[PDB]
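Encoded as structure tokens, the structure appears first; notes follow it.
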Amino acid sequence: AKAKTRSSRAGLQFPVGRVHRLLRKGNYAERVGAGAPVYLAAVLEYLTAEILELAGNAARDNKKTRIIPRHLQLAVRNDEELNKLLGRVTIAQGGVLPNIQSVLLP
Amino acid sequence: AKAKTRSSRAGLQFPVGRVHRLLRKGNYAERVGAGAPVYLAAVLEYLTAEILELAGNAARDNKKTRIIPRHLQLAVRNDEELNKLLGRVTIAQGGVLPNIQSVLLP
Amino acid sequence: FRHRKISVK
Amino acid sequence: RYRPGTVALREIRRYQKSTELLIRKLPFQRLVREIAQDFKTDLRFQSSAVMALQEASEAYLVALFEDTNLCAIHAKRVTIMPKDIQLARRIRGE
Amino acid sequence: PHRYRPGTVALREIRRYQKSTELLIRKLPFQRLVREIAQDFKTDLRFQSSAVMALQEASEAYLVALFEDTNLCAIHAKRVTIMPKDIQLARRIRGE
Amino acid sequence: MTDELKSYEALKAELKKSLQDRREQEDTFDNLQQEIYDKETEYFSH
Amino acid sequence: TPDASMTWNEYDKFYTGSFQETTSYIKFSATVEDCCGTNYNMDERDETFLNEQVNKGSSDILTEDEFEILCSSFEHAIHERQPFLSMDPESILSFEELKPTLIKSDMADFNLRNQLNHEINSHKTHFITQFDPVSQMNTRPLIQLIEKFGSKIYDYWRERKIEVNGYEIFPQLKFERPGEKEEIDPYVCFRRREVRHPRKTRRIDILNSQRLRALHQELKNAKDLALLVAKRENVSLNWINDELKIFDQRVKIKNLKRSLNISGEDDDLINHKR
Amino acid sequence: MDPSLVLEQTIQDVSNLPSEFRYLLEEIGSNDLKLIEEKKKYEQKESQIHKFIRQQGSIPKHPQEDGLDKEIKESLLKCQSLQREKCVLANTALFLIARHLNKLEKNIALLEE
Amino acid sequence: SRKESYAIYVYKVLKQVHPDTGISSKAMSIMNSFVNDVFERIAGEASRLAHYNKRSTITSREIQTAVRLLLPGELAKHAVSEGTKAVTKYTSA
Amino acid sequence: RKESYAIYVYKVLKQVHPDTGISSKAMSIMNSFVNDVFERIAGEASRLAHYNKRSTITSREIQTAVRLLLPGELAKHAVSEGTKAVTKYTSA
Amino acid sequence: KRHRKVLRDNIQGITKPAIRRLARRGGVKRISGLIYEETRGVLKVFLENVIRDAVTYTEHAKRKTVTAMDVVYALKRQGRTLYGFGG
Amino acid sequence: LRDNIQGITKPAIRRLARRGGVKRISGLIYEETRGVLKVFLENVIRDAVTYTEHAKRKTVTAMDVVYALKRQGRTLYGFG
Amino acid sequence: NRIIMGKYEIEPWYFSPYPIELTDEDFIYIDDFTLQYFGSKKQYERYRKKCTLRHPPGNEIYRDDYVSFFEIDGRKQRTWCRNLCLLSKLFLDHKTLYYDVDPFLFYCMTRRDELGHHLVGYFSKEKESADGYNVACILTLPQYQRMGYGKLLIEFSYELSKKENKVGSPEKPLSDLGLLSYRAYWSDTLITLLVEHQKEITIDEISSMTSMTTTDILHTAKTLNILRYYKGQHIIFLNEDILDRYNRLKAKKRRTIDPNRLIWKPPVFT
DNA sequence: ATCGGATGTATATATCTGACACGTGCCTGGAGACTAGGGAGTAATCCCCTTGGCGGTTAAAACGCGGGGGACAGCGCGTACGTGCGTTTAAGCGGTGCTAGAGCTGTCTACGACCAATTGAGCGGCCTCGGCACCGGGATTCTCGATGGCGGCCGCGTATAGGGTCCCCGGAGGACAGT
DNA sequence: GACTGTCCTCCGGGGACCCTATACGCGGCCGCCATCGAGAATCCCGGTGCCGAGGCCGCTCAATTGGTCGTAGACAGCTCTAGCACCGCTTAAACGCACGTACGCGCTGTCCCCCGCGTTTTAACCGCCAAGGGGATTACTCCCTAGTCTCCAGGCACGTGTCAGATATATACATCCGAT
Ligand SMILES: *C(=O)CSCCNC(=O)CCNC(=O)[C@H](O)C(C)(C)COP(=O)(O)OP(=O)(O)OC[C@H]1O[C@@H](n2cnc3c(N)ncnc32)[C@H](O)[C@@H]1OP(=O)(O)O
């Protein structure tokens, strides 16, 4: 009987097996449930998809076909929820959002 | 052969055995060294002694023989290093350090 | 759809 | 009649000298249950949980007022204003 | 002759540097400062280039955030010139 | 006939009375017009 | 939704008259009570009582309007002297005991209207406004109605008062009961919950002197001006009646002169400028 | 007894009074303009009759004397209607002002007690 | 020596969301670091949840509760939807 | 039965101030403080062991964690106390 | 038509004198009138966040009663550790 | 090495300020900025060196810096 | 049982807390100007013989060649507004007379006749609304329903909201009929604005030009398919159905409210 | 700067309670002692990459000289915030009674740990080319100060106007001369 | 000498062109709007040119399967704490209102200091060459710690007594504020 990847059984792209192994070797609990790695991989894949979608939109908005860290910074800092999630994170080569205070303008 | 507590072997008051057990049952590592619980118990005892000494001094300074949370708050917030260690901690019924801004005074 | 922002500004 | 500020200074000393809670328990408890309704109905509360919530809330508010007072003094004023609170919370990252 | 009014060049620079994303500090002076500071903890320490670059990135990001807070404080005092007391206020509010 | 002449004299006197009353009412109307104007000035301007 | 499409046949009977549109938008703040007249309306029992016991063979006619004036005066007097008549309806005052209050009663601002009718110099006629129905001018004064029929009407109205246990003849909306501030039944409504009782003023004289008296003076000034304008309109009315009388008398005089063929002395048949 | 309540109630009751007074006074003005126009309309015809009598006496009848008399009667009658409307309007306005004045007087008397 | 990463899966997701878009190496490193960060956060929170209730097994329930704690609003809602859907589909076959 | 550091805190208090007492709430605060410091140090030691791919928590990891968390003189005196205690224990 | 009296707000119960007392303990000398409303809003936000996390812990434990330890854990998750109730 | 903090020059500081959105700068700012930077660097380097010594290495790796920033609540992406 | 308002005998829809004596009457008489109720035909006749009111007891702030609008304060006209609320409970199961009529403003639309102004509908309004509702209760007489009158009432409500420089929404517990009517009004106004604007427009500009709340706009956009996500952004979507509905709207030529005929200034309440 | 009046706050004392301090019996968590495997210490190795030098190019830091404009002090008005007092409200306390549900215990199954045998996905190394960076020329509409101009208040008389001002106008009476 | 009529000189009063009002003709200036030219805003089109991203290809080793075994945990039943809820009395505290001042705020004037720009000077940057420390690797081998099984006394629950301090009361001293 040929083997089917647990990712394919769950219809996921992220490696369920690698996640399960990292959980076992991460000293988190004595035992690991069967569905927990599947759930975690699904959540990670979803968040990756959200960020990649926003970064792709930003890259198109800058007439670029290759995503660079600047696009990641713009995508994250322009999303309220993602910005709140990553409020204590610094992105290398990310830059800053263009923002000029009104009172300084003539 | 009668048994001698590991605390007595180390000349400590804190329970080395309890600390070792908590380390084993705390899911921190596969293995626990023999001297690590001794070291940790010694450090905890030292910090306890420092705080209790400062609280006792404050209680005497307030003509009291029983330490109350207010004394703990005064002792902690008056020590620069302890205040830095507990900068994100709130003490129940601790109150605030008496501090009146100069500009508000007549 | 799976993603957010069904309707925003 | 005491001049304005003398009574305020006396209150400042009085309340920085004590440690008791300054909010009446029952209104706070009712507010807690009202906010709790919005997540799950018929929730029950231990009294100690309400007391811990009140302790944390009062400590947070005291610290916020200290920061607000610093902001007000910075603007060479002595009356705190909502803009000062907004600035304090903004700088805190809230 | 031609001269721009004070503040126009400032706004132009603000737009420019908010548009770009390169490090604004000179590499070598920063590295010399880093090694100088590190001498006071252990002698003859070696540094990977990436470690120095990460330090420079973190430092510049921290300073940029501090300057934004300082600008907000200066504006709050109805001024447009940031002053040291503004920085002190910002760091105090943060908890430094 | 003297009857119709008597009615004629009665109507003549009554019409003289109504003519006099008409003139008096016109005069009173003009007086009230001026009084209203003066009272308006007093109550609202002055 | 349930149907509402049924038409009433007596609409033309109950809805008559004509309303004139004004060029400018209508300006109005008077209440419903101001434009309705007598607050009492006779029912079938009241009209049968009046027709068969009062107006069946009387040489002096008591009108339905006068009947409602009498019943309204009895109502008001009873509520004034006996606010708690519903507590003991059988102890209702007699007609003679209630008569002095009826004499001193001021129903529908009658005293104010009479004072105005005196001030306009229009007391020859009566004081009539747009809020008053035309039919109620003819009714006799209240005092006359009291002297002629007060006991006769009051006995019947007292009987009906007792029948309704001292309450109102007209069926009333259910009211909040002080015992419980929340009434389960829907019936209870329009209660106190939309009034907000104020704080009392023990020591306020200043406002009364400063602004109340000044506004009273301004109202007096406006009343004087309106009285002058009303008198001007009264004299203009007298003038137009003079013009009508003069025209009719002039045409009669001209016809009589032409019948008798009398010449000259035509000055009174024509107008003279002055 | 609340003086401030009495003042507030009096001002509220008189808040719409000047607007209604302006409305009524200008409706009287419009009716008086209609009266003046109808006065011209029938004064011209009465001038014709009067001049006819002035030149030829009262015994000869004007060839349209009955029609002129009927037209004068019509114009005078609608003038009477217009004046009736003006008088009623003025009576209503005076009623409102005197009612407010008397209510204020009653409240002032009660506060004086 | 083999040093594992998440790069290939990020690339697959990028191809599923923007088939005509590429990514620089530095951005791929940033994404890998972000994934490791979120993984560590969620696993730590799940460990604390298991410890508080004196359990020795990390199940799907703990992961779901940790996600609800860490993700704000609609992010949490959609992440829970995705997790439940994926677990159901895996349980099916 | 619920365990706590109450008796050990009481012994330390009697060592430092024999004529001073303590309210129950203050004892609870001290117990929470002890548990907090324990968890912080243990977590830092676990992270150190993981970063160096070791599966054993020795005293060296504890010492490094203490140096990381405790500021200045507190760290120096804590390290001194732990070293002395370990030394005395190893000779017994 | 008012349907439900569930809209009652207990945030008002946080009276002006209480807010003044808190400011006095915080060292405030003069207070603008809008401060009280701003404070009520800030407190509402803070309590909503803390309570939400506490209820999440309670539901995870499949309990109907919110314990003190749940509150402590929520504060821990917000970086506001509290001493004097356990753990 | 000594007084290399003067390497952080006036134009570099004002460049950082411009990126931060500052329009007008007092002359006294620069020394304060240098002091703040020195404090920050000392705090980070101390932990970095502590990690390096615990691993018994004589070379500071980037991961040491990353772990120090993580310990100080300033997580950094883009270095592993 | 059944009520005779003017010439129309109506069949009530729900309970209304009238005096039980009227629940004991076969016929109920309602005045067409004062809204007074009667169980006695004789009292009805006497009242009509003495009732001189031929228009809503308030100032006329709007008038066109078809209808006029009157603004009435519940506190000033308490009995009349109580009569209105009592009559209104008969046609909404959900009306609340648990509170009196004082804090409510009543804007009543009437049609003029020789007998006077005939009320066809109205909408109430809280003097001080916390929720920002520009309509509290809106009742249109069943003998005038399905005639577009409710559309005109909503038009006038938003005209007031524009004159107040505010956005407004009806009390959110809308009835099925009220919900459908507001769906129709919102759809018609949004389509008319989109087609006549002919340009990309911001949501806040729509809300400013129509006094409609942005939430209403968004919910209508979800019910419709006006907004589409196409090429990484949401854009105006000019499909066939939209223009077809706009053409049916242009062909129906419905009555509209003329703002220039509104001589009205917002009341000031202390 | 000096002094007395009035209020708060610290100080001395006495009483009364409950929470702190201490005692006991118990058991279960810690101390002994033993084995076996493998994590970790150690040695020895390779070569990467870190450090450290030279030398040319030139961007950028440093320096200096205006001067405009923003920080700063003063000052004058008024609102609004603090203070005090009397009225009003409900929080607080205590007391009683109920039952949801937290907590515990005893079942026993299902699931996850574990190991061995299997193999293909994913890693490291290896190309290959076009997306993106650079190096030019080019290039409309957007800001900003500048002054020219249609037309309004005011200088500043002028054409007309209520009216000070007195030499002449009107008819009627007195003296020289005539009918 | 008396009476009728015509010339000339004197009281009473119309008047005529007037003393400096009065109001606008007819502009100065001035005032803000009406264009209106100069720099400028980086941006843009097009080669072109490389090197990083993406595709291929072995080759493991980590992921899969298929068993087996043991216990964590799911579940049912049961106890009883404590959370909730209502009643009723006390009074501290909240609330409302009236009053006055001192603080915020706007505005005006001063000046010194930071921006802009031109010129000079440094030294960062880069490309290149070279050594060798030490990070990374592998291969061995010890001994330390997990796991077991036994044993018993420290620490917990749980009772028990009394004194530190809360509370009350009476009092002297410190502090504010008005008066001089
Ligand atoms: C709480 O939020 C307070 S608001 C609710 C207060 N009560 C309340 O409204 C109940 C009593 N009044 C009404 O419901 C009243 O009818 C109104 C206020 C809804 C006004 O309705 P109209 O009928 O007068 O409104 P129109 O402008 O003429 O439009 C009527 C539309 O409704 C459709 N309709 C009506 N009855 C229908 C049935 N039975 N079946 C189908 N469709 C029905 C009409 O077709 C018309 O639709 P349009 O698309 O043509 O507008």
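Chain labels A, B, ... are given in the sequence in which chains occur in the structure tokens; within each chain residues are numbered consecutively from 1, and ligands are likewise numbered from 1 in the order shown.
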
Chain I contacts to chain L at 8 Å (only C-alpha atoms) as a PyMOL selection string = chain I and resi 26-27+29-30+32-34

Distance filter 12 Å, only C-alpha atoms, chain L against chain A, as a short mmCIF file (atom, residue, chain, number, x, y, z; two decimals) with N, CA and C atoms, in the first residue's frame:
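So part-v8.cif came out as:
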data_model
loop_
_atom_site.label_atom_id
_atom_site.label_comp_id
_atom_site.auth_asym_id
_atom_site.auth_seq_id
_atom_site.Cartn_x
_atom_site.Cartn_y
_atom_site.Cartn_z
N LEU L 16 18.45 60.34 10.39
CA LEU L 16 17.54 59.49 11.14
C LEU L 16 16.30 60.26 11.56
N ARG L 18 14.98 62.87 10.05
CA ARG L 18 14.17 63.10 8.87
C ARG L 18 13.35 61.86 8.52
N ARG L 19 13.97 60.69 8.59
CA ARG L 19 13.20 59.47 8.39
C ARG L 19 12.14 59.31 9.46
N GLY L 20 12.40 59.80 10.67
CA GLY L 20 11.40 59.77 11.71
C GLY L 20 10.33 60.82 11.58
N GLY L 21 10.48 61.76 10.66
CA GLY L 21 9.49 62.79 10.44
C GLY L 21 9.75 64.11 11.14
N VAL L 22 10.93 64.30 11.71
CA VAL L 22 11.24 65.52 12.42
C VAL L 22 11.59 66.61 11.42
N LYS L 23 11.08 67.82 11.66
CA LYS L 23 11.27 68.93 10.74
C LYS L 23 12.33 69.92 11.20
N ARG L 24 12.38 70.24 12.49
CA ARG L 24 13.32 71.21 13.02
C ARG L 24 13.99 70.62 14.25
N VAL L 66 20.24 38.11 17.92
CA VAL L 66 18.81 37.87 17.76
C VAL L 66 18.20 37.46 19.09
N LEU L 69 17.89 40.49 21.41
CA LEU L 69 16.75 41.34 21.08
C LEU L 69 15.45 40.67 21.47
N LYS L 70 15.36 39.35 21.26
CA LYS L 70 14.20 38.60 21.70
C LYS L 70 14.01 38.69 23.20
N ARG L 71 15.11 38.62 23.95
CA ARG L 71 15.03 38.73 25.40
C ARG L 71 14.60 40.13 25.82
N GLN L 72 14.86 41.13 25.00
CA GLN L 72 14.49 42.50 25.35
C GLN L 72 13.18 42.92 24.71
N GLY L 73 12.44 42.00 24.11
CA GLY L 73 11.16 42.34 23.53
C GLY L 73 11.24 43.11 22.24
N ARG L 74 12.30 42.92 21.47
CA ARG L 74 12.53 43.63 20.22
C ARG L 74 12.85 42.65 19.11
N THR L 75 11.98 41.65 18.96
CA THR L 75 12.17 40.59 17.98
C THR L 75 12.52 41.16 16.61
N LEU L 76 13.49 40.53 15.95
CA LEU L 76 14.01 40.98 14.67
C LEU L 76 13.87 39.85 13.65
N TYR L 77 13.37 40.19 12.47
CA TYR L 77 13.23 39.23 11.38
C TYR L 77 14.27 39.51 10.31
N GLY L 78 14.72 38.45 9.66
CA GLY L 78 15.66 38.56 8.57
C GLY L 78 17.07 38.10 8.84
N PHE L 79 17.29 37.31 9.89
CA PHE L 79 18.63 36.79 10.15
C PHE L 79 18.62 35.33 10.58
N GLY L 80 17.46 34.68 10.56
CA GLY L 80 17.36 33.31 11.03
C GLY L 80 16.63 33.21 12.35
#

Using DSSP on the backbone coordinates, identify the residues of region 14-90 of chain I assigned to strand (DSSP E); present them as a count of residues only.
-> 4

Could you list, as a ChimeraX atom specification, the residues of chain J having an atom within 10 Å of chain N when counting only C-alpha atoms (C1' of nucleotides)?
-> /J:21-24,54-56

What residues have any atom no more than 9 Å from ligand 1 when counting only C-alpha atoms (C1' of nucleotides) and all ligand atoms, and can you list them as a PyMOL selection string?
-> (chain G and resi 1-2) or (chain K and resi 1) or (chain M and resi 88-95+120-124+135-154+170-185)

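The shell of residues at most 12 Å from residue 161 (chain N), with only C-alpha atoms (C1' of nucleotides) counted and near chain neighbours (fewer than 2 positions) removed, consists of residues 159 and 163 of chain N; 17, 18, 19, 20, 21, 22 and 23 of chain O.
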
Kindly export the residues of the current selection with C-alpha atoms (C1' of nucleotides), as a tab-separated table (two decimals), in the first residue's frame.
chain	number	residue	atom	x	y	z
N	159	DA	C1'	-22.93	124.47	-7.00
N	163	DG	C1'	-31.06	133.34	5.61
O	17	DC	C1'	-28.12	137.89	-3.38
O	18	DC	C1'	-26.16	136.62	0.41
O	19	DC	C1'	-22.33	133.36	5.58
O	20	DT	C1'	-20.40	129.81	5.30
O	21	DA	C1'	-24.10	125.18	5.90
O	22	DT	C1'	-24.67	121.00	2.73
O	23	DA	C1'	-24.11	117.31	-0.26

Got a sec: who's within 12 Å of residue 21 (chain D), counting only C-alpha atoms (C1' of nucleotides), leaving out chain neighbours fewer than 6 positions off, as an NGL selection string?
-> (:B and (92-95)) or (:D and (15 or 28 or 51-59 or 62)) or (:K and (18-19 or 21-22 or 25))

Expected file contents, prior selection, C-alpha atoms, as a PDB file, in the first residue's frame:
ATOM      1  CA  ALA B  92      -2.013  44.143  45.655  1.00  0.00           C
ATOM      2  CA  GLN B  93      -2.757  46.651  48.421  1.00  0.00           C
ATOM      3  CA  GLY B  94       0.703  48.087  47.831  1.00  0.00           C
ATOM      4  CA  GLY B  95      -0.195  51.715  47.300  1.00  0.00           C
TER       5      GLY B  95
ATOM      6  CA  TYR D  15      -4.377  59.161  49.125  1.00  0.00           C
ATOM      7  CA  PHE D  28     -17.511  47.785  39.715  1.00  0.00           C
ATOM      8  CA  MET D  51     -11.190  41.902  43.605  1.00  0.00           C
ATOM      9  CA  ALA D  52      -8.170  41.060  41.458  1.00  0.00           C
ATOM     10  CA  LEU D  53      -9.768  42.820  38.502  1.00  0.00           C
ATOM     11  CA  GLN D  54     -10.397  45.901  40.618  1.00  0.00           C
ATOM     12  CA  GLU D  55      -6.825  45.899  41.916  1.00  0.00           C
ATOM     13  CA  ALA D  56      -5.365  45.663  38.420  1.00  0.00           C
ATOM     14  CA  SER D  57      -7.714  48.318  37.058  1.00  0.00           C
ATOM     15  CA  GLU D  58      -6.912  50.814  39.793  1.00  0.00           C
ATOM     16  CA  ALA D  59      -3.165  50.281  39.469  1.00  0.00           C
ATOM     17  CA  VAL D  62      -2.990  55.347  38.667  1.00  0.00           C
TER      18      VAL D  62
ATOM     19  CA  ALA K  18     -13.840  58.180  42.389  1.00  0.00           C
ATOM     20  CA  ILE K  19     -11.965  59.356  39.303  1.00  0.00           C
ATOM     21  CA  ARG K  21      -9.543  60.205  44.003  1.00  0.00           C
ATOM     22  CA  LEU K  22      -7.611  58.088  41.508  1.00  0.00           C
ATOM     23  CA  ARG K  25      -3.345  59.258  44.144  1.00  0.00           C
TER      24      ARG K  25
END

Residues of chain J within 9 Å of chain O, only C-alpha atoms (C1' of nucleotides) counted, as a VMD selection string = chain J and resid 1 to 3 7

Select all residues from chain G having any atom no more than 8 Å from an atom of chain H (counting only C-alpha atoms, ignoring ligands), output as a PyMOL selection string.
-> chain G and resi 27-29+112-113+116+127-130+200-201+204-205+207-208+211-212+216+219-220+222-223+226-227+229-230+233-234+236-237+240-241+243-244+247+251+254+257-258+261-264+266+269-271

Take the residues just selected and output them with C-alpha atoms as a CSV table (one decimal), in the first residue's frame.
chain,number,residue,atom,x,y,z
G,27,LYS,CA,-48.2,79.2,12.0
G,28,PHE,CA,-49.8,77.4,14.8
G,29,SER,CA,-49.1,76.4,18.4
G,112,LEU,CA,-60.8,86.9,30.1
G,113,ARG,CA,-62.9,86.9,27.0
G,116,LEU,CA,-61.2,91.6,26.2
G,127,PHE,CA,-65.5,88.1,21.5
G,128,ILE,CA,-65.1,85.4,18.8
G,129,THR,CA,-61.8,83.9,17.5
G,130,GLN,CA,-60.8,81.3,14.9
G,200,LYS,CA,-37.6,73.0,44.4
G,201,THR,CA,-36.6,76.6,44.8
G,204,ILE,CA,-35.5,82.7,44.4
G,205,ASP,CA,-36.9,86.2,44.3
G,207,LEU,CA,-35.5,86.2,38.7
G,208,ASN,CA,-39.1,87.2,39.4
G,211,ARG,CA,-37.0,89.1,34.0
G,212,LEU,CA,-40.6,88.1,34.8
G,216,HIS,CA,-44.8,91.1,31.6
G,219,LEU,CA,-46.5,91.5,26.9
G,220,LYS,CA,-48.5,94.5,28.1
G,222,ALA,CA,-47.8,94.1,22.7
G,223,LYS,CA,-51.3,93.8,24.1
G,226,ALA,CA,-52.8,94.8,19.3
G,227,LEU,CA,-55.7,96.5,21.1
G,229,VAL,CA,-54.9,97.7,15.8
G,230,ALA,CA,-58.1,95.8,16.7
G,233,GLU,CA,-60.3,97.3,12.5
G,234,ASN,CA,-63.5,97.8,14.5
G,236,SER,CA,-63.0,100.2,9.7
G,237,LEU,CA,-65.9,97.7,10.1
G,240,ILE,CA,-67.9,99.7,5.8
G,241,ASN,CA,-71.3,99.2,7.5
G,243,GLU,CA,-71.0,102.6,3.4
G,244,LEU,CA,-73.5,99.8,3.0
G,247,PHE,CA,-75.6,103.0,-0.5
G,251,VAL,CA,-80.8,104.1,-3.8
G,254,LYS,CA,-83.3,108.2,-5.5
G,257,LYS,CA,-87.5,111.0,-5.6
G,258,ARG,CA,-88.1,109.6,-9.1
G,261,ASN,CA,-90.4,113.7,-9.2
G,262,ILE,CA,-88.5,115.9,-6.7
G,263,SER,CA,-85.6,117.9,-8.1
G,264,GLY,CA,-82.5,119.4,-6.6
G,266,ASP,CA,-79.0,115.8,-4.4
G,269,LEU,CA,-76.9,111.3,-2.7
G,270,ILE,CA,-73.3,111.9,-3.7
G,271,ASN,CA,-70.0,112.0,-1.9

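With the cut-off set to 9 Å and only C-alpha atoms counted, chain M residues close to chain C are residues 202, 203, 218, 221, 222, 227, 229 and 234 of chain M.
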
Applying 10 Å and only C-alpha atoms (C1' of nucleotides), which residues near region 5-10 of chain K remain after dropping the ones on its own chain fewer than 6 positions away? List them as a PDB file with N, CA, C and O atoms, in the first residue's frame.
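Heads up, here's the output in out17.pdb:
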ATOM      1  N   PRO D  27     -20.696  48.856  42.278  1.00  0.00           N
ATOM      2  CA  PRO D  27     -20.764  49.334  40.887  1.00  0.00           C
ATOM      3  C   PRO D  27     -19.744  48.671  39.987  1.00  0.00           C
ATOM      4  O   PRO D  27     -20.047  48.336  38.835  1.00  0.00           O
ATOM      5  N   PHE D  28     -18.539  48.447  40.504  1.00  0.00           N
ATOM      6  CA  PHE D  28     -17.511  47.785  39.715  1.00  0.00           C
ATOM      7  C   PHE D  28     -17.914  46.356  39.388  1.00  0.00           C
ATOM      8  O   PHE D  28     -17.709  45.887  38.265  1.00  0.00           O
ATOM      9  N   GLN D  29     -18.492  45.652  40.359  1.00  0.00           N
ATOM     10  CA  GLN D  29     -18.935  44.285  40.122  1.00  0.00           C
ATOM     11  C   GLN D  29     -20.022  44.244  39.062  1.00  0.00           C
ATOM     12  O   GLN D  29     -20.027  43.362  38.189  1.00  0.00           O
ATOM     13  N   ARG D  30     -20.952  45.194  39.121  1.00  0.00           N
ATOM     14  CA  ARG D  30     -22.003  45.231  38.116  1.00  0.00           C
ATOM     15  C   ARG D  30     -21.421  45.518  36.741  1.00  0.00           C
ATOM     16  O   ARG D  30     -21.843  44.921  35.745  1.00  0.00           O
ATOM     17  N   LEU D  31     -20.435  46.412  36.671  1.00  0.00           N
ATOM     18  CA  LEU D  31     -19.790  46.688  35.392  1.00  0.00           C
ATOM     19  C   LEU D  31     -19.081  45.454  34.856  1.00  0.00           C
ATOM     20  O   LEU D  31     -19.118  45.176  33.649  1.00  0.00           O
ATOM     21  N   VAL D  32     -18.452  44.687  35.743  1.00  0.00           N
ATOM     22  CA  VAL D  32     -17.754  43.481  35.312  1.00  0.00           C
ATOM     23  C   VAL D  32     -18.739  42.479  34.738  1.00  0.00           C
ATOM     24  O   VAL D  32     -18.512  41.904  33.670  1.00  0.00           O
ATOM     25  N   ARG D  33     -19.849  42.250  35.438  1.00  0.00           N
ATOM     26  CA  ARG D  33     -20.825  41.294  34.924  1.00  0.00           C
ATOM     27  C   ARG D  33     -21.449  41.783  33.623  1.00  0.00           C
ATOM     28  O   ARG D  33     -21.716  40.983  32.714  1.00  0.00           O
ATOM     29  N   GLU D  34     -21.656  43.096  33.500  1.00  0.00           N
ATOM     30  CA  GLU D  34     -22.194  43.634  32.258  1.00  0.00           C
ATOM     31  C   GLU D  34     -21.251  43.376  31.096  1.00  0.00           C
ATOM     32  O   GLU D  34     -21.683  42.949  30.019  1.00  0.00           O
ATOM     33  N   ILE D  35     -19.955  43.613  31.296  1.00  0.00           N
ATOM     34  CA  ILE D  35     -19.005  43.345  30.223  1.00  0.00           C
ATOM     35  C   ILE D  35     -18.907  41.850  29.958  1.00  0.00           C
ATOM     36  O   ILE D  35     -18.722  41.424  28.813  1.00  0.00           O
ATOM     37  N   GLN D  37     -21.268  39.650  30.085  1.00  0.00           N
ATOM     38  CA  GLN D  37     -22.410  39.163  29.315  1.00  0.00           C
ATOM     39  C   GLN D  37     -22.070  39.018  27.839  1.00  0.00           C
ATOM     40  O   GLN D  37     -22.532  38.084  27.174  1.00  0.00           O
TER      41      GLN D  37
END

Mind running chain N against chain B at 8 Å and telling me each contacting residue's nearest atom pair with the distance in Å (one decimal), counting only C-alpha atoms (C1' of nucleotides), chain and number ascending, as a tab-separated table?
residue	atom	partner	partner_atom	distance
N:30	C1'	B:17	CA	6.2
N:31	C1'	B:3	CA	5.8
N:32	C1'	B:3	CA	7.7

Counting only C-alpha atoms, which residues from chain I have an atom at most 9 Å from any atom of chain C, and could you show them as a ChimeraX atom specification?
-> /I:74-75,78,81-82

For the selection just defined, write its residues with C-alpha atoms to a file, as a short mmCIF file (atom, residue, chain, number, x, y, z; two decimals), in the first residue's frame.
data_model
loop_
_atom_site.label_atom_id
_atom_site.label_comp_id
_atom_site.auth_asym_id
_atom_site.auth_seq_id
_atom_site.Cartn_x
_atom_site.Cartn_y
_atom_site.Cartn_z
CA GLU I 74 -11.22 38.11 12.21
CA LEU I 75 -7.71 36.68 11.99
CA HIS I 78 -10.62 32.61 9.97
CA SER I 81 -12.28 28.04 10.52
CA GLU I 82 -9.24 26.81 8.60
#
